[PDB]
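Shown next as structure tokens: one chain only, the form deposited in one PDB entry.
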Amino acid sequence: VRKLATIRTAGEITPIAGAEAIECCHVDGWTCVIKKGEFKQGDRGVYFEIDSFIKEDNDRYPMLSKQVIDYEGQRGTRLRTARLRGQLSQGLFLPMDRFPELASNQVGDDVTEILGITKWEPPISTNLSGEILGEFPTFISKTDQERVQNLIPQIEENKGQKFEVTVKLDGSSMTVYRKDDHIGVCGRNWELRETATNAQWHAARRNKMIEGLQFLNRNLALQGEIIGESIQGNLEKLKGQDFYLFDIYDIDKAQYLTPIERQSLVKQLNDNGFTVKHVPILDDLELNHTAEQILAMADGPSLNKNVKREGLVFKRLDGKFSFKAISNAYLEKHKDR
């Protein structure tokens, strides 16, 4: 679960053309507007990522008093991508002289819950309670990916290694899995139960991925995104709904398949009449890039090429280091994204 509020170190500090009452401060892979003289490079502070919802507080967060909104009946501020005075800024960075409670906390610490911060998210309508069958399975890994802006040391340790590049689609997360007899279909947090009307099960039925799971006679979790019409506002403008696979979890080994295993097993699935789609795969990447060059690849064509993608996901070919890179152009365009 994401670390929305963390203690980080100030990176390079550069002037902002237009106003000299503010400056640009690099925070790991992010760039955020700070007031001039609030930080100099090497200082510590609390960094709040975008998507953070920060309750109203004119003592601690007066800087936010002109973006206060209603979220779930609570007054507060939602941090987003924005362009203040021409400068792209992401997140909020406040010095530690401002948090006496965290004096003794250190760099890398998660202070999300101590500061009472929650994640703002758009109003997805979950599926209702007659439809849930149980938790999301504990024997299956969840779909979440760390952002490349938070992984600057790992980009340098993984230099020279190679990575599968896939177009990130924005839809609902969906898992279809087999464990012994049980074949279940899960949303993002709940295992749902068999229905014709249901959109997740409808996707499992027309792709025939359940019969493919019994054909392979293995306890595997197929994890992918479901997109199309009536879906996530349908950025991709696709007719109908469909599942696009991006990961396969080996339940027995509690570990993800390599990109090549996943690629050949989808082929094996398709070589036997089970038509399961994959998120668009791009050319593999030999890593020798910086966080801004990876973000620079993030923008580009989506599945629908007259729509530009949410971003990229990178998976090392041993299958145990992966990260995402969201196009900031996309985030500038969409207001609740």
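Residue numbers here begin at 1 and follow the sequence given. We call the rigid core the largest set of C-alpha positions that still match within 1.5 Å between the two forms.
Below, we refer to the form deposited in another entry, which is not included among the displayed structures.
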**Prompt:** Of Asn158, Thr143, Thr118, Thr126, which is the single residue whose C-alpha shifts by 2 angstroms or more between the shown form and the other one after core superposition?
**Reply:** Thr126
**Asked** Knowing the Cα distance between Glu191 and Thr126 changes 3 Å or more in the other form, does it shrink or grow relative to here?
**Response** farther
**Complete:** Quick read on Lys237 and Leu128 CA atoms in the other form, 3 Å or more from the shown distance, and they're closer
